[PDB]
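A short write-up of the structure that comes next.
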Amino acid sequence: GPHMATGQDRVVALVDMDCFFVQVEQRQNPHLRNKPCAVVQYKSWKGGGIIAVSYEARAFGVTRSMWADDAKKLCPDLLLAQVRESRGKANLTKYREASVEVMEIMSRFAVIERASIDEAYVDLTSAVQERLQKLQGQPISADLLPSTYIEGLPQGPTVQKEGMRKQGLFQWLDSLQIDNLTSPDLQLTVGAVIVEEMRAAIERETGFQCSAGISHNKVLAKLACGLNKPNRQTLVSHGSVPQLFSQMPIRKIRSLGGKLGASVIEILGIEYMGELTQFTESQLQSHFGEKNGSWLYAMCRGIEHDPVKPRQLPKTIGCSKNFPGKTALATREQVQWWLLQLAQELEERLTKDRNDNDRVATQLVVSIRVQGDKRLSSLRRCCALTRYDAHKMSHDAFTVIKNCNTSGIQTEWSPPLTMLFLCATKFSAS
DNA sequence: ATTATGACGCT
DNA sequence: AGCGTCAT
Ligand SMILES: Nc1ncnc2c1ncn2[C@H]1C[C@H](O)[C@@H](COP(=O)(O)OP(=O)(O)OP(=O)(O)O)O1
Ligand SMILES: [Ca+2]
């Protein structure tokens with residue numbers, strides 16, 4: 001009733017760059033623009049592995065993880081851009097720097113939480129309040145929402161996509177009460193106005209297009225973002241939740257895409273998020289734990305309280321390389337040489353980070369995978385990171401893992417290593 | 001023979 | 001600490 005929380009206290013957005021690495025390469029090489037194209041890493045093995053795909057290529061069925069040779073079978077005219085290779089490994093610097101471009105623009109509008117290389121959450125609550133004070137009861141023109149979809153609309157008593165968009169937007173605005181400055185629906189709408197502005201600035205100043213979700217929390221914002229890709233934004237109101245969730249597979253919600261989501265489905269014998277409303281909070285806690293149970297109880301009602309964390313920079317800086325099948329490292333000289341290569345890229349990135357961001361990493365994490373292990377990581381050890389020196393870091397990394405060697409022979413390494421990973425962590429101000 | 005990342009929860 | 005899960 002009057003004490004039942006509705007989770008409408010915040011305005012939160014999720015900005016998601018469209019086929020990001022592809023856009024980066026297309027900006028650099030105009031020949032790739034408006035073409036079926038993909039970004040690949042390495043080229044020797046089956047033409048290389050695809051890590052990003054343009055929407056033109058997706059129409060042919062091209063997907064991430066697909067080998068370029070196989071993608072060509074579906075899309076013979078597919079164009080390709082290769083990830084830069086340095087010191088024998090893929091180097092993602094161009095995309096990290098492009099990410100910084102976008103993140104710094106978004107930061108002008110509000111505090112952001114860097115979710116990934118090309119996603120950021122935004123808490124627009126305060127900005128919306130300010131903007132509402134300028135409007136002063138003034139209605140919101142549909143012209144201020146040129147790329148916005150209102151989920152669930154149109155509805156009630158045109159066969160084209162854009163036509164439908166406008167009809168929904170019209171119904172939404174027609175029902176708004178611009179008279180109430182505390183109206184959640186109004187707040188969401190102003191949030192979307194600001195996101196239009198943010199997305200316009202991103203495209204103007206970088207050339208990159210993106211999609212966005214606007215709602216009352218991170219999970220709904222994220223879900224909304226994916227509803228109308230690419231180059232569009234979607235508003236998901238609290239009111240839209242029941243119908244939206246009624247046919248929404250549980251795996252579509254952030255954090256429920258893996259084993260937990262599978263267990264929710266199996267244990268409860270349900271398929272859709274909405275079906276969760278029929279269980280008490282205690283019931284959910286009993287199956288999935290105190291934390292998960294509470295989260296699920298609230299989430300299926302469109303309520304979540306995870307805050308947009310003020311963090312624009314990554315917490316860690318890591319370098320990793322796989323050594324599949326026959327290429328698995330089997331000698332001591334091999335292991336040492338590749339640790340050095342990884343350590344050299346790491347030193348380079350750490351030094352840049354220290355100059356730009358006034359901080360120093362204090363811990364070096366070393367991870368390896370042994371041939372046969374199904375897990376991505378077989379072992380993880382840490383040592384002190386006291387100096388940004390590649391030779392020292394590689395030596396220290398070898399030291400902490402050198403006893404993983406079974407070979408009675410000092411020169412041979414067994415079982416062969418199929419993955420090396422160096423990660424700098426635990427930053428302090430400098 | 002996907003690969004290269006990155007954040008956070010559990011114990 | 002070291003491992004697992006989930007995500008771009
Ligand atoms: N599994 C992966 N391995 C390596 N790189 C990845 C992987 N997933 C994503 N990336 C990289 C390439 C992507 O361009 C970028 C952002 O990923 P993601 O948001 O999942 O898709 P995308 O931006 O390419 O397409 P979309 O338009 O659907 O968002 O990060
Ligand atoms: Ca993206």
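In the structure tokens, chains take the letters A, B, ... in the order shown, each chain's residues start at 1, and ligands count up from 1 in the order shown.
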Residues contacting ligand 1 - anything with an atom at most 7 Å away, using only C-alpha atoms (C1' of nucleotides) and all ligand atoms - can you give me those as number ranges by chain? A: 16-22, 51-53, 117-118, 229-230; B: 3-5; C: 8
Using 12 Å as the limit and counting only C-alpha atoms (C1' of nucleotides), can you tabulate each residue of chain B that touches segment 1-6 of chain C, with its shortest atom-to-atom distance in Å and the two atoms involved, as JSON lines?
```
{"residue": "B:6", "atom": "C1'", "partner": "C:6", "partner_atom": "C1'", "distance": 10.7}
{"residue": "B:7", "atom": "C1'", "partner": "C:6", "partner_atom": "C1'", "distance": 9.1}
{"residue": "B:8", "atom": "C1'", "partner": "C:5", "partner_atom": "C1'", "distance": 8.9}
{"residue": "B:9", "atom": "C1'", "partner": "C:5", "partner_atom": "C1'", "distance": 8.1}
{"residue": "B:10", "atom": "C1'", "partner": "C:4", "partner_atom": "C1'", "distance": 8.1}
{"residue": "B:11", "atom": "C1'", "partner": "C:3", "partner_atom": "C1'", "distance": 9.3}
```
Give me the residues within 6 Å of residue 413 of chain A as an MDAnalysis selection string, counting only C-alpha atoms (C1' of nucleotides) and dropping any in the same chain fewer than 3 places off. chainID A and resid 330:332 405 407 416
Just-selected residues, C-alpha atoms written as a short mmCIF file (atom, residue, chain, number, x, y, z; two decimals), in the first residue's frame:
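See selection00.cif below for the written result:
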```cif
data_model
loop_
_atom_site.label_atom_id
_atom_site.label_comp_id
_atom_site.auth_asym_id
_atom_site.auth_seq_id
_atom_site.Cartn_x
_atom_site.Cartn_y
_atom_site.Cartn_z
CA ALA A 330 56.58 -26.94 -23.03
CA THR A 331 60.01 -25.46 -22.26
CA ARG A 332 61.39 -23.17 -19.56
CA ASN A 405 56.49 -27.54 -13.15
CA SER A 407 59.17 -32.14 -15.19
CA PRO A 416 52.49 -27.68 -20.90
#
```
Output the contact residues of chain A with respect to chain C at a cut-off of 10 Å, based on only C-alpha atoms (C1' of nucleotides), as a ChimeraX atom specification. /A:115-119,254-260,375,377-382
Take the residues just selected and output them with C-alpha atoms as a short mmCIF file (atom, residue, chain, number, x, y, z; two decimals), in the first residue's frame.
```cif
data_model
loop_
_atom_site.label_atom_id
_atom_site.label_comp_id
_atom_site.auth_asym_id
_atom_site.auth_seq_id
_atom_site.Cartn_x
_atom_site.Cartn_y
_atom_site.Cartn_z
CA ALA A 115 30.91 -1.16 -16.76
CA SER A 116 33.10 -2.40 -19.61
CA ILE A 117 35.28 -1.14 -22.45
CA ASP A 118 32.19 0.31 -24.14
CA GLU A 119 29.42 0.48 -21.53
CA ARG A 254 21.87 -9.28 -15.87
CA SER A 255 23.46 -11.84 -13.51
CA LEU A 256 20.89 -14.53 -14.37
CA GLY A 257 22.48 -15.60 -17.66
CA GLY A 258 24.50 -18.43 -16.13
CA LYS A 259 24.20 -21.20 -13.54
CA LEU A 260 22.08 -19.24 -11.04
CA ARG A 375 38.73 -24.33 -15.92
CA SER A 377 42.40 -20.66 -14.71
CA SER A 378 44.31 -23.46 -13.01
CA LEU A 379 46.35 -21.43 -10.53
CA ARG A 380 46.61 -17.85 -9.26
CA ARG A 381 49.47 -16.43 -7.19
CA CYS A 382 50.37 -12.89 -6.15
#
```
Interface, chain A side, toward chain B (9 Å; only C-alpha atoms (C1' of nucleotides)) as a PyMOL selection string: chain A and resi 41+45+49-51+65-67+90-92+115-117+314-325
For ligand 2, which of A:54, A:29, A:341, A:187 is the closest residue, counting only C-alpha atoms and all ligand atoms?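 Going through A:54, A:29, A:341, A:187 one by one, the smallest distance to ligand 2 is for A:54.
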Secondary structure check, helix (DSSP H, G or I) residues of segment 154-361 of chain A, as a ChimeraX atom specification: /A:161-174,184-206,218-228,238-246,250-252,259-268,273-278,281-288,290-299,325-327,332-357
Please identify which residues in segment 203-326 of chain A DSSP calls strand (DSSP E) from the backbone, and express them as a PyMOL selection string. chain A and resi 210-215+233-235+317-322
